[PDB]
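I have placed the structure first, in the form of C-alpha cells, so that the comments after it can refer back to it.
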Amino acid sequence: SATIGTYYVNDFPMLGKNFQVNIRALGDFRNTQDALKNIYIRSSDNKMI
Amino acid sequence: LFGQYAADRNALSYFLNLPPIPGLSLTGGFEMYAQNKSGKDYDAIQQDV
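Read top to bottom, the protein sequences are chains B and C.
If you count the first sequence from 1, you need to add 743 to reach PDB author numbering.
If you count the second sequence from 1, you need to add 644 to reach PDB author numbering.
Here is the structure:
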C-alpha cells in the first residue's frame, strides 16, 4: 500500500487547517507490471526479501 | 464595595449586578471577530488587535 498505493500516515499543519501526509513510491517505479521486484520487505530475521 | 477595594493589591475586581435578562446585554456592545487566514502566530494577532 505504501509503495504502490497511497498511505495516509497522519496530518500536518499548514495555513491553520490540518492536511494529510501521504507516502507513495516515485511514479516511475509503480508504472511497470513487475513493480514487485523493486520493492523489498524485511523478514523477522532482519533479512530483506 | 468599589470604595473598599480601590487599592488593586494583587487582584483585579469588577462588581456587576446580574443581567436583567439572561443572554442579553443592556449596553448593546457589539461582538466582533477578526479571523486570520494566513496562520500567523497568536502573538502577532494580538499585536495587530
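Just so you know, even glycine gets a beta-carbon here, dropped at the ideal spot from N, CA and C.
In whole angstroms, what separates the C-alpha of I665(C) from that of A678(C)?
-> Here residue 665(C) corresponds to residue number 21 of the second sequence, with the count starting at 1. Here residue 678(C) corresponds to residue number 34 of the second sequence, with the count starting at 1. Roughly 28 Å between the two C-alpha positions.
For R773(B), I'd like the list of residues in its chain whose CB is within less than 6 Å of its CB, leaving aside the five on either flank, ordered along the chain.
-> Here residue 773(B) is taken as the residue at index 30 of the first sequence, counted from 1. Taken in chain order, the residues that qualify are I747.
Secondary structure at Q648(C), three-state DSSP: helix, strand or coil?
-> One-based indexing of the second sequence puts residue 648(C) at position 4. Of the three classes helix, strand and coil, the one that applies to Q648(C) here is coil, per DSSP.
Once you ignore the five residues that flank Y751(B) on each side, which residues in its own chain have a CB closer than 6 Å to its CB?
-> Position 8 of the first sequence, counted from the start, is the residue given in the question as residue 751(B). Within the same chain, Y751(B) has close Cβ partners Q763 and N765.
Could you give the DSSP three-state label for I766(B): helix, strand or coil?
-> What you label residue 766(B) is simply residue 23 of the first sequence in a count that begins at 1. Looking at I766(B) - three-state DSSP - the assignment turns out to be strand.
If we ignore side chains and look at the alpha-carbon of each, how far apart do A688(C) and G759(B) end up?
-> The residue you call residue 688(C) lines up with position 44 of the second sequence. The residue you call residue 759(B) lines up with position 16 of the first sequence. If you take the alpha carbons of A688(C) and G759(B), they lie about 14 Å apart.
Could you check what DSSP says for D687(C) in three-state terms: helix, strand or coil?
-> The count along the second sequence starts at 1 and reaches residue 687(C) at position 43. Three-state DSSP puts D687(C) in a helix.
When the cut-off is 7 Å and only beta carbons count, does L758(B) lie next to chain C?
-> For the purposes of this step, residue 758(B) is taken as residue 15 along the first sequence, with counting starting at 1. Proximity of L758(B) to chain C, defined by a Cβ-Cβ separation below 7 Å, is satisfied.
Ignore the nearest five residues each way along the sequence and tell me which others in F646(C)'s own chain have a CB closer than 7 Å to its CB.
-> Residue numbering aside, residue 646(C) sits at position 2 when the second sequence is read from its first letter. The beta carbon of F646(C) lies closer than 7 Å to those of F659 in the same chain, with the five residues before and after it left out.
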